[PDB]
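Colleague: This is the structure, below, for whatever I ask next.
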Amino acid sequence: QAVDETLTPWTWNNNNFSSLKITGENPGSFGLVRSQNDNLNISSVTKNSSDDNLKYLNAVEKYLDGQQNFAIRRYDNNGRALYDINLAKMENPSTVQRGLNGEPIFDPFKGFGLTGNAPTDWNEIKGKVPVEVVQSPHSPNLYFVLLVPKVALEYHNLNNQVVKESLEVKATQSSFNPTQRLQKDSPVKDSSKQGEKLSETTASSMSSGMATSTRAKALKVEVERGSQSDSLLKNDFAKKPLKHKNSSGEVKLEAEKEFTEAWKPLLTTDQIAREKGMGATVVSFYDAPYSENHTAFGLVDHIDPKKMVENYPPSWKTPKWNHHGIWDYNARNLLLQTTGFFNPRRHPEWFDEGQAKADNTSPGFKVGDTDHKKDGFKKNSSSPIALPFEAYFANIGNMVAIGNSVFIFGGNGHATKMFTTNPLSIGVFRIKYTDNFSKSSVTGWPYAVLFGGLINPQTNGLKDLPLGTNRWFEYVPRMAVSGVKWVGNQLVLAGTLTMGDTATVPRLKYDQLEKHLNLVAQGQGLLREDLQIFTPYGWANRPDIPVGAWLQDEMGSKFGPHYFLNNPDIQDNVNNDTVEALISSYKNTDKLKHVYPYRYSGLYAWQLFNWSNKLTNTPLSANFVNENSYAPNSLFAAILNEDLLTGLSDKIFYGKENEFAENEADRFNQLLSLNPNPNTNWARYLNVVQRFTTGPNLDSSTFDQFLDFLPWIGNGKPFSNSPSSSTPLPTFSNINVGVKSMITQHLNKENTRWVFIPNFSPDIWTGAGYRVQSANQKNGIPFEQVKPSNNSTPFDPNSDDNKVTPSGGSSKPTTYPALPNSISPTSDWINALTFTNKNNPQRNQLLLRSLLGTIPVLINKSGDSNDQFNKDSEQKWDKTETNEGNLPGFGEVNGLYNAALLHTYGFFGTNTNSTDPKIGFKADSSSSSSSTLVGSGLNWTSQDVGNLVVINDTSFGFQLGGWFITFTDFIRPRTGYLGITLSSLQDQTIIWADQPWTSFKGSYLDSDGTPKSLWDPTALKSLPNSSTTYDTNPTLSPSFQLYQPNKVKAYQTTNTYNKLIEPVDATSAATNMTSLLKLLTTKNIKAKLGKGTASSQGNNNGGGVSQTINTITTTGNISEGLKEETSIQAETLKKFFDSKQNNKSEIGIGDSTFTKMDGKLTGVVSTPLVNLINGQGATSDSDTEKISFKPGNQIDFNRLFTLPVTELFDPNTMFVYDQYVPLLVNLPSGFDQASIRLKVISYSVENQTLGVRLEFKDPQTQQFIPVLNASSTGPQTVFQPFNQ
Amino acid sequence: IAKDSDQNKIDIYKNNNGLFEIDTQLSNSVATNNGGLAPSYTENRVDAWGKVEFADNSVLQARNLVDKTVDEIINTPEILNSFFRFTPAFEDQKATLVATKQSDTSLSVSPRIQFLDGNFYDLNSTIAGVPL
Ligand SMILES: [K+]
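Chains A and B, in that order, are what the protein sequence lines are. In terms of the working numbering, the first sequence opens at residue 118 and continues consecutively. In terms of the working numbering, the second sequence opens at residue 22 and continues consecutively.
Next up, the structure:
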């Protein structure tokens, strides 16, 4: 019962909770505490090979019940402890007794009535640890707490052969090579089945057209049901003339021949539901600080996984299938990718068998039989989506209460995350109370249906992000959650979010996988990276051509009229005479569709603009969805309908309107949208979000200018490079990169003089790596870059395959008049969607990953002997027209520029270290060459998100790795304000750590009016092994990936970037690049940068407090950098930033101030007046010392009680009248008697007894507070005529 | 107001955080008018008029209100709200006691209660001039 000082306060990694501020009738704090003791040898709980995990996990809970203690003590309003609440050990546990109307029986001095018996399931709740606490908004003295098994804390301290990574490290006895794990071999035309290809259109309907050509016609696709019981009559989408390679057996996804010891959950969703000790629990409870019966329980609820999993959409029963079905399934399996939308090869955390089902087989549909008419029918599923142990505790934490209900939005996932395993919050639980809190109910739902109402009007940031959905919930949003809180009147959510997969919307031609190893590895789950990568030379003409159509030019000798390689210059010209042969005749029907004889082409932005799951102006509209992200790749914050979250029913009902088509005849004429059925309710849940935000309130290239303005945390230098001939270039924006020229020669050669720039000359900067005939001929290029297919001569213009014959006999060649000046991934073209590479998804992806500082760089050369690359005499910033500018042209991260990023990281030159590290990239014309991506040297990740904190009625922010971020204007936007502020940490001992987020101890609001955070450089620990006996090249760690070799042909010595750079067979390339394979592990990068050991210097200890930058109403006003009247908005913002590079704090950008403390930092507990560190920092409350209730020997009872107590107070409000205050309370000389009064809390007139509590004006605040020193019974007392 | 078959039926829909749902108990409470224009009053039931329990007469002696006169009490509506305990049928439904002098020594009280439409009804209420 009474306080034990041996338990000390702490912060859980998954929600960053440590205390709740109590509010209303009796203020104070609840906070988590644990035993201080060291030497916790969990590895002593031995695991045998012959049994399952459950008896081991129960033995670990039984061991932790002996080795540690945990509790939830109450504190007063100044942080003095009151009572202990060790839930495993407290005396005489009971539920609260009720009246017939459901109300708890209570009287403040006595406390609650206790029934004398514990709640339900007490024999298995007593082993659980509490991890989050909240208060009822409408009911007095009523609170809620969330509890979990202690393994949900100790998960990283359990032994390493059971708590494994999702990928093996291997013994490397043959030396390391990242290509050995990759399934790589490309498919081929079937030697015995060539003839089943789509038929050419033998005659084509006129449609009142007139023109003609010599070229081959469109290909027919037909589907119809027939009369047979298990077959169609036609099904041309299900044709299969391609088959997989044989290379010592068939190449396919086949988990049992790859995973010899397959990674699996600690427990399955059907175990956690039934083993009631391993599921999470919420309980209601009642508390009062100064009663005899001070605490007792309400009711108990299980956070049962089945109450979430049975509320998954119907398609989540078949995650290997999607609404495009048979052709998309085959195209993905031919490219060795994940089929459907959620399979375990990428996402094993949500599947009960983990990696052991990492295959495309048996997708819940009949596929792979001997006849295309026999495939394409619904059947039994092989593996549904579940909620296993790792994903389950990532879906636990971040509570809020609304009306008669309470919620769980899930954590950041640091309960259960591992270096190759990414569990997240996938939705929200709700617990609801009924019959005046006599009964309760529990439920949950995924974010996929709750976010279904998102549209472009609901954000002040960029538009068209990959957040859209349709009648099938195949888009699956999930989050690392920062929290949910009240911002004044508005309920708000914050965290980091998964978009749809932006890296695989462009798609390969079928044969070329052996020269594209990273692009397939990024789809295979072997490389768990979400960034977009420049790869255009190997893409097909459209992502959506069916597999029966591909085999129409195996030689390449016609440049594949229906299907060929994506080069932008050699697209077929529609002109206007051309259309009648290529599209303006081929009408579709209720059983007939066509594949056109037209060479479609375009770069990364045109690919995403057509086939990404983009937002639009109306809900459920997005007919295209690709795949779902590995990790969070967006910032996210939102305003919620707190009313609708309270009003929605517990059970969601889906129906046949959310099912996939039962057979392919219903897939051919597939309905895009439907009304809800009379029994269903899923459409009600779509509208829980009012508004959302994703980054700065900036538009177009202006957003890339902000990306260049912020400092890199590894060196304090902005990516814009301007604050110091032969000077370096920026990475994100195009301003001052290459040279200016007028766009007057591009595409249509029209409108540019008056409807593009505010000025008479249409100037745009041509960017890094560009094509021109001469330095004088700087505007446009003609169709001079004609290209051969093999050695078989050029593209053949004025040839009869590239001509048409309309009426009158006039004819002309089907090609461009003039073209854009650059194709590089940095491109930012306003006029040319088919040549621009920057996109709004990539802008938001780069914003997040440049804050965490973990954008990768492409390398040929390391700091090792004879392997070096130089800052000088080897790079030419003034000559971007040639190979001496070192622009890669393949394998580069989209939107940015690699050599600039390498300069900002300081991988070459003395920028980051006292001597030149000599690491980098070079373009050579003398020989064939090899490269790989490598990490930045930093180990932060997008799941490193901390507490949401609210500063006032409109401003809020959160910790995100080494940053604090504030969304100051989201509730009330303004013109000329960017909407964001940022503060960076400075300490090199934290920033260069190996698992850096483990040093963050929590973030909090402080009573001087600022957010603050705690750090401890003594809190870091080593990796799961110390290499022990062998050269660990693949050290599994939070920034490591299995990046593959890229192999590339020699660069041209002049006019280097006039064509796309050509890759070659990389399948043996690893032998030439062993230094780069050693440089994949971040510790080896840090060692060559001089950061890997004690040479980092600074403070040896130095834990303490961090604080965000100062702010005023002017902070973030950039109105002179916004709008235009002479030029392009990014360029005037660049001018506005250049004079402010040394003065970033008025933009709201800077470094957090810091102060050191003595000893360890373990956590904080918080009050409305003060914050306590490790539970210390309390004070005597010196302004209140002179206020006290009169003692019983100083009461003249006849003066008080000749009148009944019935009229000492106003019946409308229960405050005692002023005349009785100095008769009951002592006060100092000169005191303001209007500043204090008494509130009645219980009474009875037949006993003449009056019970009261005192409230006084806070000297610091426009609000009243209790006076806790006022008596031996605290701020509460009773008075009566001697009959006590 | 609807017909299932051919007679008219009264359903009450209650707004729950922006979404209206049928309230079957309030529907039955409102529809039980017994041929009158308005829902029945039952002493022992939380009906459309909530539920009103009067204090015993013995409250006057206990609280020393016998020393107050009828005119005092009658002009002290907070005293005469202490003459009943009210249970609302729907949240924030309100009720007061109207007092009437009966003798030198006695008064009567009669509840004034809000219906679903936000309006108060009592013994003298009309619609279209017709006493309810
Ligand atoms: K009644």
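All C-beta atoms in this analysis are idealised placements derived from N, C-alpha and C, irrespective of residue type, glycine included.
From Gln345 (chain A) to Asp1182 (chain A), what does the alpha carbon distance come to, in whole angstroms?
Modeller: The alpha-carbon separation between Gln345 (chain A) and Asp1182 (chain A) amounts to approximately 48 Å.
Colleague: Report the neighbours of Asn1364 (chain A) on chain B: residues whose CB is nearer than 8 Å to its CB, in chain order.
Modeller: Those do not exist, as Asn1364 (chain A) stays about 12 Å from chain B at its closest Cβ, beyond 8 Å.
Colleague: Pull out every residue of the region 35-51 of chain B whose Cβ sits closer than 8 Å to any Cβ of chain A, in chain order.
Modeller: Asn37, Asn38, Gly39 and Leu40
Colleague: Could you tell me which chain B residues have their CB closer than 9 Å to the CB of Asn1329 (chain A), listed as they occur along the chain?
Modeller: What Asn1329 (chain A) touches in chain B: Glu99.
Colleague: Output the boundary residues of the beta strand (DSSP E) element that contains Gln962 (chain A).
Modeller: Not the beta strand (DSSP E): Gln962 (chain A) falls in the alpha helix (DSSP H), residues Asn957 to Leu968.
Colleague: Going along chain B, which residues have a C-beta under 9 Å from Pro1321 (chain A)?
Modeller: Result: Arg84 and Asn85.
Colleague: Hey, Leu336 (chain A) and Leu315 (chain A): beta-carbon distance below 8 Å or not?
Modeller: In this structure, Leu315 (chain A) lies closer than 8 Å to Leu336 (chain A) by Cβ.
Colleague: When you compare the CB positions of residue 73 (chain A) and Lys496 (chain A), do they come within less than 8 Å of one another, or not?
Modeller: A question about residue 73 (chain A) goes unanswered here, because the residues of chain A that appear run from 118 up to 1401.
Colleague: Rounded to the nearest angstrom, what separates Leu1341 (chain A) and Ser1299 (chain A) at their Cα positions?
Modeller: 21 Å
Colleague: The alpha helix (DSSP H) with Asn1315 (chain A) in it runs from where to where?
Modeller: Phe1314 to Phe1318
Colleague: Less than 7 Å between the CB of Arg190 (chain A) and some heavy atom of ligand 1, yes or no?
Modeller: No.
Colleague: Starting from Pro1339 (chain A), follow the alpha helix (DSSP H) in both directions and report where the run begins and ends.
Modeller: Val1338 to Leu1341
Colleague: I'd like to confirm something about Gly71 (chain B): is its beta-carbon nearer than 7 Å to some heavy atom of ligand 1, or not?
Modeller: yes
Colleague: Apart from the five residues on each side of it in sequence, which residues of its chain come closer than 6 Å, Cβ to Cβ, to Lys1261 (chain A)?
Modeller: Contacts found: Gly1267.
Colleague: Any residues in the region 745-763 of chain A with a beta carbon nearer than 7 Å to a beta carbon of chain B? Which ones, in chain order?
Modeller: For the region 745-763 of chain A, which is checked against every Cβ of chain B, the residues closer than 7 Å are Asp760, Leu761 and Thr763.
Colleague: Within 10 angstroms of its Cβ, does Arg463 (chain A) collect 16 or more other Cβ (buried), or is it exposed?
Modeller: buried
Colleague: Under 6 Å Cβ to Cβ from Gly1008 (chain A), same chain only, skipping five residues before and after it: list those, please.
Modeller: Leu975 and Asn1163
Colleague: For a test of the three-state rule: what should DSSP assign to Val601 (chain A), helix, strand or coil?
Modeller: strand
Colleague: Can you have a look at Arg645 (chain A) and say buried or exposed, based on whether 16 or more other CB atoms are within 10 angstroms of its CB?
Modeller: buried
Colleague: Which of the three DSSP states is assigned to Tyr509 (chain A) in this structure?
Modeller: helix
Colleague: Relative to the C-alpha of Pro1285 (chain A), which candidate in A:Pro126, A:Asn1000 and A:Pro144 has its C-alpha closest?
Modeller: A:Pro144
Colleague: Using 8 Å as the threshold, is the C-beta distance between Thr997 (chain A) and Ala1167 (chain A) below it?
Modeller: A distance of 8 Å or more separates the beta carbons of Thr997 (chain A) and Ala1167 (chain A).
Colleague: For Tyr802 (chain A), does the count of other Cβ atoms within 10 angstroms reach 16, so buried, or fall short, so exposed?
Modeller: buried
Colleague: Which residues bound the alpha helix (DSSP H) around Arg784 (chain A)?
Modeller: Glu781 to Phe785
Colleague: Beta-carbon within less than 8 Å of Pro304 (chain A)'s beta-carbon, same chain only, minus the 5 sequence neighbours each way: which residues are those?
Modeller: Annotation for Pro304 (chain A): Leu359, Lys360, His361, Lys362, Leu451, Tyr627 and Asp628 place their beta carbon closer than 8 Å to its own, counting only its chain and skipping 5 residues before and after.
Colleague: Just how far apart, CA to CA, sit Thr1092 (chain A) and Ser842 (chain A)?
Modeller: 38 Å
Colleague: What three-state label does DSSP hand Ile1266 (chain A) in the structure shown?
Modeller: strand
Colleague: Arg106 (chain B) lies in the beta strand (DSSP E); which residues open and close that run?
Modeller: In this chain, the beta strand (DSSP E) harbouring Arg106 (chain B) covers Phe105 to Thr108.
Colleague: Relative to the alpha-carbon of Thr733 (chain A), which residue among A:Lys164, A:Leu567 and A:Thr586 has its alpha-carbon at the smallest distance?
Modeller: A:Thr586
Colleague: Would you mind giving the Cβ-Cβ distance between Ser1130 (chain A) and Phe1084 (chain A), rounded to the nearest angstrom? I have them listed as a contact below 8 Å.
Modeller: The Cβ separation is near 17 Å, so there is no contact.
Colleague: Please classify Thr811 (chain A) as buried or exposed, where buried requires at least 16 other C-beta atoms within 10 Å of its C-beta.
Modeller: buried
Colleague: Below 8 Å on the Cβ atoms is my guess for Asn277 (chain A) versus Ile159 (chain A); work out the distance and round it to an integer in Å.
Modeller: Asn277 (chain A) to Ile159 (chain A), Cβ: 11 Å. No contact.
Colleague: Less than 7 Å separating the Cβ of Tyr142 (chain B) from some heavy atom of ligand 1?
Modeller: no
Colleague: By how many angstroms is the C-alpha of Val1010 (chain A) removed from the C-alpha of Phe414 (chain A)?
Modeller: 56 Å
Colleague: Any idea which residues DSSP pairs residue 104 (chain A) with across the strands?
Modeller: Nothing about residue 104 (chain A) can be read from this structure; chain A reaches only from 118 to 1401.
Colleague: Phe741 (chain A) and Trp589 (chain A) look like a contact to me (Cβ under 8 Å); what is the Cβ gap, rounded to whole Å?
Modeller: Actually they do not touch by this definition, with Cβ atoms about 12 Å apart.
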